[PDB]
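# Sequence, then structure. It's an experimental one.
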Amino acid sequence: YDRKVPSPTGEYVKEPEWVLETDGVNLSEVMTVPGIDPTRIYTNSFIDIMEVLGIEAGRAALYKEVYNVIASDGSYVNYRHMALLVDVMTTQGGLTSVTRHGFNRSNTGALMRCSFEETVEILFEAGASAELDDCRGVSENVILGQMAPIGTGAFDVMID
Amino acid sequence: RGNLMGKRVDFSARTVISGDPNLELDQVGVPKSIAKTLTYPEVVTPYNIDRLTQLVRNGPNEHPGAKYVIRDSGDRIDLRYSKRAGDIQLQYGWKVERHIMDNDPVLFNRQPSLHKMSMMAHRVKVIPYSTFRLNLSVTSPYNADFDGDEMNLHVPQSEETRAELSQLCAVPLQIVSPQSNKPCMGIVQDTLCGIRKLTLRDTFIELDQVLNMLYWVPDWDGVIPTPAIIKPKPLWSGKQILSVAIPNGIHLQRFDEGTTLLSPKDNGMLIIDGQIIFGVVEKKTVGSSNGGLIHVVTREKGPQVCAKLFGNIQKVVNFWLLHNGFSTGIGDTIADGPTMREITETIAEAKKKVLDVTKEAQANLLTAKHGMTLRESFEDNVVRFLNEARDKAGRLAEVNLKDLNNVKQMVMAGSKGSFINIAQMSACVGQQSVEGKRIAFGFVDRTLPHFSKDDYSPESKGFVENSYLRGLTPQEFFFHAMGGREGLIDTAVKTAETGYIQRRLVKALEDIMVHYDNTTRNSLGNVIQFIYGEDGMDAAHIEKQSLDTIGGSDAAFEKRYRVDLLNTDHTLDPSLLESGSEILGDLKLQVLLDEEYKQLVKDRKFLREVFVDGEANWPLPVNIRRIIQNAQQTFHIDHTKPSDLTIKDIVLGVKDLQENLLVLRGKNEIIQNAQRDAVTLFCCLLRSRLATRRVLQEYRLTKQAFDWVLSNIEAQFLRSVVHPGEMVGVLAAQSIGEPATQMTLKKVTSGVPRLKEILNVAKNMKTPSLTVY
Amino acid sequence: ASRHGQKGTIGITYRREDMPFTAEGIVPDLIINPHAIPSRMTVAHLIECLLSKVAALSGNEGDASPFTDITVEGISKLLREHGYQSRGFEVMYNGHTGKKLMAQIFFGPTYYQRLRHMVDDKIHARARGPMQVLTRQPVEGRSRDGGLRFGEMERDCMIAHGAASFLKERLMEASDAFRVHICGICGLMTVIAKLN
Amino acid sequence: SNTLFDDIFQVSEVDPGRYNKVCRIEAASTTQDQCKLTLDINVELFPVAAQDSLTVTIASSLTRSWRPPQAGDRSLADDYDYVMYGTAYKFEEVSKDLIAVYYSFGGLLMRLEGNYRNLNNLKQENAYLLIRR
Amino acid sequence: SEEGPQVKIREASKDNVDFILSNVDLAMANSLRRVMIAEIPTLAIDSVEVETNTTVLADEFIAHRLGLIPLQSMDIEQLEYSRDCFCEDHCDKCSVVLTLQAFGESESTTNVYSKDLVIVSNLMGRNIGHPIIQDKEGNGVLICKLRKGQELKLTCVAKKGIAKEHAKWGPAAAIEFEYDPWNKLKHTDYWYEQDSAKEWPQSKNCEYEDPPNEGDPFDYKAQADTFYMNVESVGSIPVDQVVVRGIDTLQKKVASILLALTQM
Amino acid sequence: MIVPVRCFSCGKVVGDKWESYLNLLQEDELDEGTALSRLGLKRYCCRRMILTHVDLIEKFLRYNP
Amino acid sequence: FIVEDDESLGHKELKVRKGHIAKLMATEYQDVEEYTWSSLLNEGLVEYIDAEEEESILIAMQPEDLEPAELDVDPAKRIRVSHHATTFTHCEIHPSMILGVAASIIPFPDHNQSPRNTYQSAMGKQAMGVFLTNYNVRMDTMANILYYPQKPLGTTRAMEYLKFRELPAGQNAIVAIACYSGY
Amino acid sequence: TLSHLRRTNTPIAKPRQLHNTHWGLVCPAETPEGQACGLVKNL
Amino acid sequence: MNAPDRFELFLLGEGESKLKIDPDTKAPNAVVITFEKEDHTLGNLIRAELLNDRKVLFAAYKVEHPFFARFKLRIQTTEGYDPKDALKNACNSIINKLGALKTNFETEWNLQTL
Amino acid sequence: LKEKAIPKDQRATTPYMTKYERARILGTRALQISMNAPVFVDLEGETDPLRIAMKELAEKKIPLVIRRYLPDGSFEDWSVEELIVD
RNA sequence: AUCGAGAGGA
Ligand SMILES: [Mg+2]
Ligand SMILES: [Zn+2]
Ligand SMILES: [Zn+2]
């Protein structure tokens, strides 16, 4: 992998390093093997990385994988956007998918949830729940036609 | 999902779009029929009563007119049919639905609608003909081309809405993209090509053309630039007129390849005070990439100056290109006979190598590759040989192509064209790939019914030796057709998948906004980020800059950043500072210098810990180099005289600067520590940029110059901080989506399906892999 | 569009005097940008211009059949016998100035075809229009004077831009704004209301 | 209002470069070892041949919009064959006791090095370059 | 001859005149060619009313054809533009009225020519509105071809106009222009695979100009005072009249500028 | 459908030449280009209008109504 | 076309032969004893092949590849690999027959990339033209017909069978590839 | 009209991709674009 | 539909002034003249003859859009020389050259015999 | 919640006007100006309501108080005069 | 109205 490390002089110099690439993943067994650096090892699969090393390592691996796809395209997207997506899946202890399983299943919001997918079932479950929608979500205000709490609508302007 | 989230809207129009070089970037050319059809309610005011009365008199049929008049009672009055249409007298408080007029805010939208850039406010200009007119540079954010593409225009109906469109959604404001921290719009197509041909030293402009070009710049100083050559003839370099187009006080430094100060290749670019010193304008200077003139003009002066620069550059370059002309032609695709022979013998030697490897495989004298079937190794070797042959033939063609070759001109300018297109038209189009493989035997052991059974030769397997100019054999054409068909299928499937992905991401992140406490939160108040981006700053205004402490040899870092008042050799030369003679000894000032050096060393260790690669350039708030250059140009120090700054003043001022900035205002220990974490990297950058030895060596900044630089750095950081209320989640989702739409699909899942696994957090993975170190 | 996959939209119409002219006085019926050609790799369009120039001067029909060995060098030789350049570049003069153009320009008879889509049929503009009864929303299509649809993606773009008022105005004032009466005791619009 | 530098220069070599109109010129000071020059010139306006000896002058003056000469009574400041106008992009010192001046004349770059000049030379945006045959 | 421009004619024909312009600025020659294409007045059909059309061709198609048909315009200066005339729709001095009636009486398909078009409006002693036939047979341009049992009855109103309004009113078809044939001025750089002389043929206009000398340096002052042009006329206005009217129209435009200045 | 009146590019009348061109090529078995040269269209802008033209008017005339 | 040896251990030959071509051309000229495509099929000179039948056979693209081959070459001609094939069951009538009608319209499609050819095959459907001679008699819902249709200057040999020359759908414009005024 | 008359429709492992068996029986390049690209073929 | 009429390009309408003279800003003698319903043909010749006059420092050539026919001329002259006078003298010289060309061509045609 | 007042001295919101805040203030002032509002700044050659609003913002004349809101619900009220525009 | 077919852009 022709890695680059500080030279004894100080300038960054590149030395080739031997790297193993495995078609399979058994991370717990692999990391506890002599002759490898357990800190350096990285997995294609982020779910296993989080399960062995905690939510934060999985967060880092998720950002790295999204960076890998964007670099395969060659396009660059700023760190904050991808990081926000990964933090959205990361703040909940288990990894939360962008599919309806996950964010739409997450209890926050009622009509905002039904906008994405499974609209009628979400409304049915809300009626059985007798849950209260705060209407603070942008989507819920869009259905309501009330001015959405966008940045322009967030603050309240009154007379002197 | 449909009618409540997205509604058919009144005051909406759609037209086929065409492009006009003369129309300004912020403007849209709205047809007179559309302007007459669409109306905005304007309340009658004492200021507008004359104008509004004239518009109502002019009537719906002719613009500027007015279709309807709304009473205080609100009952409609139709101007098309009424007995009173002639004799209306305006009453205060009435609302006249005026026709859409020039220099008004509207919204121009492209139907893919992947980005906020795809919906941008434009200034109306009423045009005679029927097609919506837009500037060339605005095509890129819209992903628009004049192939019959249609675009929609929406008209605000309230004054607050008009203010929002003008103050936030305007095109000049949206030039700098939050994502990718780069301008969206750059000089494109002919202008780009033309500008390079204008910037060549061989290109010179005569006095009549100079006068006309000077006039073409809508804002002209009126001072004829002094000709580059005077006595033989008053010739003018295209650089001089182009500089008249560049706004004054703007300085750019670009070094590429062998960027000698003498710059014989005319590579790189130095612009001082809007005057170009050296270089031929290529794409990267006039392009959407970071460090281009667009970004510098947008930050230094403002968005308005940048858009006006777009317009002026376009006008001058289009005029000159119109008088020079351009034409691709058949002959620019053709290549010299000797080069064609070299290409053919290159392909022949590749075929001979492939045959030899095939014979080696037949003899079973093929070395075992671990984890790779021997046939897999054979396939990889043949594929690599054919790819290298095609690329090498392309290199021969590119070297063969003269500097006059128009395709080469377009590639050098960067307008359109690539090396692979040159290779395919000139020498060899290469080997077609289906499903990531060479063309398989659909017929049993035969790729095509003409080919013999069990033939693995490249011609049977699909490699097309012939170039596009040479013409393609029928078998080659069928293999190419298979490849192209797979390309079309992949394109459509990709677009569908990215559409679903974008909707998922937007719906997931739509709630996220930067609150007034600077914590990124959802609707329920759950925090996604305590500090947005972990630096608390908007994605715009950030440019990648070099951190000088990281990298380099330790001795070189000491040489650049260490000055010791005690050792004479270490002590700065007395010419640099008036106190330098006084500064010898002065042990207390030296211990302050030692403190600054210890801070720099700790920072170097810290940055080396942050990045194992230790790449010097990372996205940072304020570009110090631009501020330093502006200071040097503003104060005009001869640099022979010693600096007014004292050594203690530099260290103390840098420390006070670092103290002053707060991402979060409050004086709370948790908040203070979070802010210090937020600005730690920026503080390290500032320490690298301004060291006492550096401040007296890289320049002879006066005390007032250092103070001005400090104040400007602080102000630029404060401007760069993210505005509260910004819906970052939607921007993030779009920022992922648009490259993903552009995204197209060593044996690893890549592109859209890999993104689908990541986003779905699906347990099954097509290619699990572990990287053991 | 050309016969080789080059589609186009008429940006402008130019009088013959303004248009660039060859020494013979021939003016292009159509002007295409060079920049389009490199990415498409449509060499055959250029070959068609060359071959059709040769055919027009010779008066003999030219064969563009695929898988027939025809040399661009041979066509160039025929053009050279005609006197026109082998590449088909012709020296042109700028129309407005009469100055000789610095670069010679490829000039040729190219077969071009008129596509069905025409602008005047495509244009639609609605300020106020009929509304579908159930939706109370603008109808669909130009023929019904039906408004354009603010997409869900368009709403997302507007959230990204941050203009709440414009999104609200397109959302309610532009389409299906309605006033209803509800009661405090039950959050349902069961209250009957005589305003007079 | 007086020239900052005057000299006789013998061209070591001429390099056309890629451009056919503009050639780069490598020359040395005649009778002085210290100055050496490399300049971008146009052949079409004035021809430069190898081993030619050319008189080189730099003058500060002789803003205002360039005026075509109103009358022949307005006096040329030079009988020199070539005159150019430009601004220096950086003044540098090659080494202690050696100074090099880098001037861009409408993108045509000219570097000439020698110690004694930098007291004469100034960081001045104005420059008039005079070449005599 | 006279101080200023001097013109030497290479060849004279009724259809075409080849001439050489000396002591002329290039902008002037460009302006003259543009005026010759556009600004010269000419008479062509601007209105068509058809009573009976049994032809396979539609009426609009035939009307466009009729507009393109040349009509003699030597005396066009006496005729007045419709916009200048005070007539409600047409005036005899303003417009010339043509009538054309053709029936397919023969089983063999009968042609319709410009010779069949005849003029109802009074000539008033001016050479205006005559259909123009350069054909050896004297058969006019073929508007339509009529089957047996097919008739066509139409009335045309022809009005004064210029080519900038519509291409049919243009007197001249092609203007041939050549200057700096040896490329001494080097206004253009030739595209050559190996050598410019081999790739680009020598123009006929080169031989009249003196051959360039390889040792002679390129001169930057030189603007070509010599231009080689050829004018080709449709026949509505004679070639000499075409170029003279171009000159005079440019003079009138300049005089209009001058009188506008005096009014200011 | 019928012969164009004039060539679109420059404007030389081409309606008169069609009958004589067809008759020339039939009478003399002439090459089409030589026939155009006798006709007088020396530029391909004029030559395309005669050479590439199709008289669909004959096919329309064949229809009885 | 069917390929069998003219003599056993003589050069394999396409079963059709010049005299048969002359009889076909003579029958086509009458527009004697008729000589049809069905006549060729009954003579056994040509055969119909299903894809499953195509799998078992070996066919040759060009009839000139078949004749025995025992120096200099024009550089512009496409590189043709020597067939090196002992046995050919059949020979293709012409490779261009693999292309459809819309592709047959496309000029020099070999020299062009395939996706552009696909785009043009759709756009040709979209393009205007005189669809039928009886259009004036007919009353279609929508009909677009060119004023002065012009036959293409560059024609495929398949166009004569396509009747595109007889009923063209485009005009031979004079086109310059140039940058003028940026529009 | 002629191409509309020679049209194939395949209702619906890789049918869209051009196949070797399609040589000489289906046009290599004539197909709809976007949706049903290669599902519909022209003889 | 939307397209302007052809009669508009060579006719002045609504009482449009053929020449609009306005003093130029930031240049002492410079003046902008907007020629209305005028094309490139007149403008290039006027600009060339204006450049021929010694006292004119500057003379320009602008069309703001090809859709509309307005030719913009900026003229800057020597002090004591009215730019209007410069344009008038240039126009008069154009007329003299055109008349001389007409006379010479007429003589040549009278010499021509065919 | 209710009477969640924030002391004037103890306000932590950004002194710089948010771009949304400036946009809404300018739009509301322009809307009221269209409806015959009094103009507190002397105007020279200005009829557009938005231009009057921007000039008034420069003069800091607009008597509008923006209620900065927090996730907790406590409100910090800033006058237009107090917020710096940059 | 519904359903279907086709087409346009990516
Ligand atoms: Mg498109
Ligand atoms: Zn109730
Ligand atoms: Zn012509």
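Done, it's in. Numbering: from 1, shown residues only, chains lettered A, B, ... in the order given. Ligands and ions are numbered 1, 2, ... in the order given.
# and residue E:97, what element?
According to DSSP states H and E, residue E:97 maps onto strand E:95-103.
# Each with direction, which strands does that strand pair with?
strand E:118-119 (antiparallel), strand E:151-161 (antiparallel) (DSSP bridges).
# List the contacts of the spatially closest residue to residue I:16 that is not a sequence neighbour.
Nearest-residue entry for residue I:16: residue I:36, 4.8 Å, with adjacent residues in sequence omitted and distances by CB to CB, 6 or more residues apart in numbering or on different chains. Yep, even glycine has a C-beta here, placed from its N, CA and C like the rest. Taking CB atoms under 8 Å, 6 or more residues apart in numbering or on different chains, we find residue I:36 in contact with I:12, I:16-20, I:69-70.
# Just the residues you listed: which are in strands?
If you go by DSSP state E, the contacts of residue I:36 have I:19-20, I:70 in strands.
# OK, contacts around residue 5?
Since you didn't name a chain, this refers to chain A. Contacts of residue A:5 (CB under 8 Å, 6+ apart): A:12-15, B:612.
# hm, I was asking about chain F
Contacts of residue F:5 (CB under 8 Å, 6+ apart): E:65, E:68-69, E:141, F:13-15.
# now the strands for chain H?
Applying DSSP E to chain H gives strands spanning H:8-9, H:40-41.
# Same check on chain E?
E:6-12, E:16-22, E:42-53, E:71-73, E:95-103, E:110-112, E:118-119, E:128-131, E:144-146, E:151-161, E:172-178, E:227-233.
# I'd like the distance between the residue in chain H positioned nearest to chain A and residue B:480.
Chain A sits closest to residue H:34 of chain H, with a gap of 21.8 Å, by CB to the nearest CB. Residue H:34 is 21 Å from residue B:480, where distance means CB to CB, to the nearest Å.
# higher neighbour count, the two?
residue B:480 (26 against 12; other CB atoms under 10 Å in any protein chain shown).
# Next SSE downstream of whichever helix or strand the more buried one is part of?
According to DSSP H and E, residue B:480 maps onto helix B:474-509. Next in sequence after helix B:474-509, counting helices and strands by DSSP H and E, comes strand B:513-514.
# Specify which member of the ones in strands among the contacts of residue I:36 is nearest to chain H.
residue I:70 (44.4 Å).
# Next one: that closest one from residue B:76, what distance?
Plainly put, residue I:70 is 39 Å away from residue B:76 if you go by CB to CB.
# so who does residue B:684 touch?
B:547, B:549, B:603, B:606-607.
# and residue B:204, what are its phi and psi?
Residue B:204 adopts backbone torsions of phi -130, psi 150, taken as degrees, to the nearest 10.
# who's it bridged to?
residue B:237.
# in terms of contact, does it touch residue B:236 like I think?
Yes: in this structure residue B:204 lies within contact range of residue B:236 using CB atoms under 8 Å: 6.6 Å.
# that older thread, okay, the strand holding residue E:97 in PDB with CA atoms only?
This file holds the C-alpha atoms of strand E:95-103, laid out as PDB (Å, rounded to 0.1, in the frame of the first residue of the first chain):
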ATOM      1  CA  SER E  95     -48.300  48.800 -56.100                       C
ATOM      2  CA  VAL E  96     -48.400  46.700 -59.300                       C
ATOM      3  CA  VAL E  97     -51.200  44.200 -59.700                       C
ATOM      4  CA  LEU E  98     -50.600  40.900 -61.500                       C
ATOM      5  CA  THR E  99     -53.200  38.300 -62.500                       C
ATOM      6  CA  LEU E 100     -52.700  34.700 -63.300                       C
ATOM      7  CA  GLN E 101     -55.200  32.200 -64.600                       C
ATOM      8  CA  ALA E 102     -54.200  28.700 -65.800                       C
ATOM      9  CA  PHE E 103     -56.500  25.700 -66.500                       C
END
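# buried stuff in it?
Residues E:95-98, E:100, E:102-103 are the ones in strand E:95-103 that count as buried (16 or more other CB atoms under 10 Å in any protein chain shown).
# what's in contact with that strand?
So strand E:95-103 is contacted by E:43, E:45-46, E:71, E:79, E:82, E:87, E:90, E:110, E:112, E:116-121, E:128-129, E:143-144, E:146, E:150-159 (CB under 8 Å, 6+ apart).
# Show me which of the residues you listed are buried.
E:43, E:45-46, E:71, E:79, E:82, E:90, E:110, E:112, E:116-117, E:119, E:121, E:128-129, E:143-144, E:146, E:150, E:152, E:154-159.
# can you map out the helices along chain J?
J:19-34, J:49-59 (DSSP state H).
# possible to save those helices as TSV with mean neighbour count and distance to ligand 3?
Formatted as TSV, these follow (neighbours: other CB atoms under 10 Å in any protein chain shown; distance: least, CB to the ion, whole Å):
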stretch	mean neighbour count	distance to ligand 3
helix J:19-34	24	59
helix J:49-59	19	56
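# That concludes my questions; thank you for your assistance.
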